[PDB]
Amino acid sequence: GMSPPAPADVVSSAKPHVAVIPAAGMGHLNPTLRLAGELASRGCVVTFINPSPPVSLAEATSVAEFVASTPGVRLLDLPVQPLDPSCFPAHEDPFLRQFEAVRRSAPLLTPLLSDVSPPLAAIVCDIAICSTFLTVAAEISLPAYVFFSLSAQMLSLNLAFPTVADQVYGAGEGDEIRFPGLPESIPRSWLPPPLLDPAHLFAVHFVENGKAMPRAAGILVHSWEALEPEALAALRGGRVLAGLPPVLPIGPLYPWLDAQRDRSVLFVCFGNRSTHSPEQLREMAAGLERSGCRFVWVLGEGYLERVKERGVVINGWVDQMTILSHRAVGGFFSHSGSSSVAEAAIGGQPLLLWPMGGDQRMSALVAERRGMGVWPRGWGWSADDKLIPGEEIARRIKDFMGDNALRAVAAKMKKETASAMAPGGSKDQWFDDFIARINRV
């Protein structure tokens, strides 16, 4: 979906005032902080809503740095009481209960905004807590926009799932479900496992949030036309969900190597939160070593003196972006994820995908549809522990590191994404569109 015509009274107006409410967890906080930055950048005054007291002090620190470093932002405190841990199953995600605590506090918010000057033009709320705030915003006639920080693909799933929910739970395992607006019929096993149990807390949040978003003034999604043209076309053209409100693509919100032939080195990082069985981690080592490609691994389990190598391994956290953009590297080996695709797209790197769980199967589809990533189907998540042997991994790496079909579209993705992040580029146009549409004369 490309930019709607720009109507604007460029004659005279103050920049609009936007309140912003994040969901819990650094994965949700950082994109929101970037979104709020991007608004402040263009002259909007923003009021950041903090749950008080914070669940995490680090999160509140991140917030503090942001309000101190950027000028148009005020900080507002929202009292929330943590929910009772005993009524939360310990198997399910700890962050779910943190979402429910702050949802509970939405009635406290409408008095808090009454004093506020200049008047609010809108409130932006993370999908993960938005449902009860949408109702509060409606009472005070304040346009409420949902921030969906995962892919446009996940957004289409999350909106379409309630309309096909009976089909999903009636299906027999091994069945494939056709989700509206998405071309590829997909197996139910590709959905996040919790979603399959209707009683499960993730399912209950997923449907609740999927039913809440259509009530919003619109949806701001972390995607861009060059990355997800079909998903965004279907969202803006009523193919995922009838009556959907406007959907605005708001992304992207983002030594040893200098010696190697360019595009020669595979960059592999399974991430801070990766799940690999020790057998599986060891098989990765065997396969990596057997491939014969040059490689840098972010991660004993290796072997004994396994580092007698042409390759490199790194324990310490490092910016994926500097290396991904580096001439030497020609390939990105990583887990699936809305995050990993986006950086590979900015980096112009092809993607070899091993999905960990949950949404990551779905994020693999985002790469595969563009033609810039491969997920070998047997490379399942750690459920039933079907071991993937190093020989298979080595052949797959060689094959991946030779596949210039994937490498070419990734290289085009970098060019198209760079043009989107440029001044006057697609991303600016969508932020200009949003600011203009909520600005009052």
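Residue numbers here begin at 1 and follow the sequence given.
Neighbours in the displayed sequence, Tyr254 and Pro255 may still hide a gap; how many deposited residues lack coordinates there, none, 1 to 3, 4 to 9, or 10 or more? In the deposited sequence, 10 or more residues between these two have no coordinates.
Are any deposited residues left out of the model between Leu299 and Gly300, and how many (none, 1 to 3, 4 to 9, 10 or more)? Unmodelled stretch: 10 or more residues.
Please compare 363-371 with 238-246 and name the stretch with the higher mean C-alpha B-factor in the deposited structure. In the deposited entry, the stretch with the higher C-alpha B-factor mean is 363-371.
Using the B-factors recorded in the PDB entry, average over the C-alpha atoms of 131-139 and of 315-323, then report which stretch comes out higher. Looking at the recorded C-alpha B-factors, 315-323 comes out higher on average.
Highest recorded C-alpha temperature factor, please, choosing from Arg104, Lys308, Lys211, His335. By C-alpha B-factor in the record, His335 ranks first.
Highest CA temperature factor in the entry: which of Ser151, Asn272, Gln81, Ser86? The C-alpha B-factor peaks, among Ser151, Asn272, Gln81, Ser86, at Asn272.
Within this chain, which third does the Cα B-factor at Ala68 fall in: lowest, middle or highest? Ranked within chain, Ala68 CA B lands in the middle tercile.
Within this chain, which third does the Cα B-factor at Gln260 fall in: lowest, middle or highest? According to the entry, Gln260 has a C-alpha B-factor in the chain's highest third.
Lowest, middle or highest third: where is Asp399 by C-alpha B factor in its chain? According to the entry, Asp399 has a C-alpha B-factor in the chain's middle third.
Quick check for you: using the entry's CA B-factors within this chain, is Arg74 in the lowest, middle or highest third? Tercile = middle for this residue's CA B-factor.
Which third of the chain holds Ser52 when residues are ordered by C-alpha B factor: lowest, middle or highest? It falls in the middle third of the chain.
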